[PDB]
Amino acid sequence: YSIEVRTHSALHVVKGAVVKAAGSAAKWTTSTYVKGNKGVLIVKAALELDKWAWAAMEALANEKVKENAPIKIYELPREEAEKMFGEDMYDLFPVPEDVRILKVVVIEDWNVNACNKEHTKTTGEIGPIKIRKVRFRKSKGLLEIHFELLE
(Lines of atoms letter the chains of each structure in order from A and count residues from 1; the text may use other names and numbers.)
(Lines give C-alpha, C1' and ligand atoms only; values in the text may rest on other atoms or scores of the structure.)
Protein backbone atom coordinates (compact mmCIF):
# COMPACT_ATOMS: atom_id res chain seq x y z
CA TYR A 1 0.00 0.00 0.00
CA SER A 2 0.61 3.62 -0.67
CA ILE A 3 1.69 5.52 2.42
CA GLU A 4 -1.08 8.00 1.70
CA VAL A 5 -3.61 5.19 1.29
CA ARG A 6 -2.58 3.97 4.74
CA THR A 7 -2.49 7.45 6.26
CA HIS A 8 -5.95 8.04 4.86
CA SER A 9 -7.31 4.81 6.30
CA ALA A 10 -5.77 5.88 9.60
CA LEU A 11 -7.99 8.97 9.56
CA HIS A 12 -10.99 6.67 9.94
CA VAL A 13 -9.36 4.77 12.78
CA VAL A 14 -8.21 7.94 14.54
CA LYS A 15 -11.65 9.53 14.17
CA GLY A 16 -13.23 6.52 15.84
CA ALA A 17 -10.66 6.77 18.64
CA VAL A 18 -11.44 10.44 19.23
CA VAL A 19 -15.17 9.75 19.54
CA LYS A 20 -14.57 6.83 21.91
CA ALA A 21 -12.21 8.90 24.07
CA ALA A 22 -14.43 12.00 24.07
CA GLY A 23 -17.91 10.63 23.28
CA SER A 24 -20.36 12.25 20.73
CA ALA A 25 -19.40 15.81 21.58
CA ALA A 26 -16.42 15.62 19.31
CA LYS A 27 -17.91 13.55 16.54
CA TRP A 28 -18.29 16.02 13.69
CA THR A 29 -15.29 16.39 11.40
CA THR A 30 -14.78 19.83 9.91
CA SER A 31 -11.78 18.92 7.76
CA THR A 32 -8.88 16.56 7.26
CA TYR A 33 -5.79 16.16 5.17
CA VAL A 34 -3.13 13.63 4.46
CA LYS A 35 0.39 14.48 3.34
CA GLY A 36 2.74 11.55 3.03
CA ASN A 37 2.85 9.72 6.35
CA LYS A 38 1.05 12.50 8.21
CA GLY A 39 -2.57 13.34 8.74
CA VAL A 40 -4.66 15.94 10.50
CA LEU A 41 -8.19 15.50 11.75
CA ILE A 42 -10.15 18.50 12.93
CA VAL A 43 -13.46 18.08 14.71
CA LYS A 44 -16.04 20.21 16.45
CA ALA A 45 -15.54 19.85 20.19
CA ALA A 46 -18.20 21.05 22.64
CA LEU A 47 -15.94 20.52 25.61
CA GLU A 48 -12.26 20.77 26.47
CA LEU A 49 -11.18 17.25 27.37
CA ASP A 50 -9.14 16.02 30.31
CA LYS A 51 -5.38 15.40 30.55
CA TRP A 52 -5.78 11.70 29.71
CA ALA A 53 -7.54 12.18 26.36
CA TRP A 54 -4.47 12.57 24.11
CA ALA A 55 -2.93 9.33 25.38
CA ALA A 56 -6.32 7.61 25.42
CA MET A 57 -6.83 8.48 21.75
CA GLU A 58 -3.45 7.10 20.74
CA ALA A 59 -3.98 3.90 22.73
CA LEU A 60 -7.45 3.35 21.28
CA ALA A 61 -6.24 4.01 17.73
CA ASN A 62 -3.42 1.48 17.99
CA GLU A 63 -5.65 -1.08 19.68
CA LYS A 64 -8.00 -0.92 16.71
CA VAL A 65 -4.96 -1.37 14.48
CA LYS A 66 -3.76 -4.65 16.07
CA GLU A 67 -7.33 -5.85 16.07
CA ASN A 68 -6.80 -5.86 12.32
CA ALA A 69 -10.48 -5.16 11.83
CA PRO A 70 -11.91 -5.16 8.31
CA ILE A 71 -12.52 -1.77 6.72
CA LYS A 72 -15.88 -2.41 5.09
CA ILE A 73 -17.33 -0.62 2.10
CA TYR A 74 -20.97 -0.16 1.20
CA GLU A 75 -21.70 1.47 -2.14
CA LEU A 76 -25.40 2.29 -1.75
CA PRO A 77 -28.12 4.61 -3.08
CA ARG A 78 -28.00 7.81 -1.06
CA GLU A 79 -31.46 7.40 0.53
CA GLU A 80 -30.68 3.84 1.65
CA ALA A 81 -27.32 4.97 3.01
CA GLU A 82 -28.93 7.76 5.01
CA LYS A 83 -31.49 5.36 6.47
CA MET A 84 -28.84 2.82 7.35
CA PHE A 85 -26.22 5.23 8.71
CA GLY A 86 -27.89 8.58 9.28
CA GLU A 87 -26.15 11.96 9.19
CA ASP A 88 -23.25 10.31 11.05
CA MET A 89 -21.56 9.28 7.81
CA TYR A 90 -21.15 12.86 6.60
CA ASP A 91 -18.45 15.36 7.45
CA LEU A 92 -19.21 19.04 7.62
CA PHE A 93 -18.95 19.72 3.87
CA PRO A 94 -21.79 19.53 1.41
CA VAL A 95 -22.22 16.48 -0.83
CA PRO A 96 -23.72 17.69 -4.10
CA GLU A 97 -27.36 16.75 -4.45
CA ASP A 98 -26.61 15.07 -7.79
CA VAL A 99 -24.53 12.40 -6.07
CA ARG A 100 -27.23 9.73 -5.76
CA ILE A 101 -24.84 6.89 -4.88
CA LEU A 102 -22.38 6.89 -1.99
CA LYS A 103 -19.41 4.79 -1.05
CA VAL A 104 -19.38 4.57 2.69
CA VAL A 105 -16.59 3.31 4.88
CA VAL A 106 -17.46 1.34 7.96
CA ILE A 107 -15.24 0.14 10.77
CA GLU A 108 -17.82 -1.70 12.86
CA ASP A 109 -18.77 0.17 16.04
CA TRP A 110 -15.96 2.62 15.46
CA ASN A 111 -16.50 4.84 12.45
CA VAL A 112 -18.86 5.41 9.52
CA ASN A 113 -17.96 7.84 6.78
CA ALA A 114 -19.06 8.59 3.24
CA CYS A 115 -15.73 8.55 1.40
CA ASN A 116 -14.69 7.75 -2.18
CA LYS A 117 -10.96 7.22 -1.58
CA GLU A 118 -8.89 4.03 -1.57
CA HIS A 119 -8.41 2.28 1.76
CA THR A 120 -6.50 -0.63 3.21
CA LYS A 121 -8.59 -3.79 3.47
CA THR A 122 -8.03 -4.05 7.23
CA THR A 123 -6.81 -1.78 10.06
CA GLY A 124 -3.68 -3.83 10.67
CA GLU A 125 -2.18 -2.63 7.39
CA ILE A 126 -2.03 0.90 8.81
CA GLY A 127 0.74 0.12 11.27
CA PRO A 128 1.61 2.02 14.48
CA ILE A 129 -0.17 5.35 14.80
CA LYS A 130 1.52 8.17 16.58
CA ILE A 131 -0.29 11.28 17.73
CA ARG A 132 2.33 13.98 18.15
CA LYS A 133 -0.15 16.79 18.64
CA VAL A 134 -3.59 17.57 19.92
CA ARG A 135 -4.64 21.21 19.96
CA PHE A 136 -7.90 22.39 21.44
CA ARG A 137 -8.87 25.85 20.32
CA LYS A 138 -11.31 26.93 23.00
CA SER A 139 -13.03 29.94 21.36
CA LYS A 140 -13.63 28.18 18.03
CA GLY A 141 -14.65 24.95 19.69
CA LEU A 142 -12.27 23.01 17.47
CA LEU A 143 -10.04 20.03 18.18
CA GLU A 144 -7.06 19.12 16.02
CA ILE A 145 -5.51 15.66 16.07
CA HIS A 146 -2.14 15.46 14.33
CA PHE A 147 -0.80 11.97 13.76
CA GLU A 148 1.73 10.07 11.70
CA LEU A 149 2.46 6.62 10.36
CA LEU A 150 5.63 4.67 9.68
CA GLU A 151 6.80 4.53 6.06
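Numbers for residues come from their place in the sequence shown, where the first is 1.
The mean Cα B-factor in the deposited entry runs higher for 96-104 than for the other of 96-104 and 33-41. Comparing 22-30 with 111-119, the stretch with the higher mean C-alpha B-factor in the PDB entry is 22-30. Residue-level inspection of the entry shows that, of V65, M89, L47, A55, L47 has the top Cα B-factor. When all modelled residues of the chain are sorted by CA temperature factor, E151 is found within the highest third. Split the chain's modelled residues into thirds by C-alpha temperature factor. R137 is in the highest one.
Per the deposited record, the Cα B-factor of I145 falls in the lowest third when ranked against the other modelled residues of its chain.
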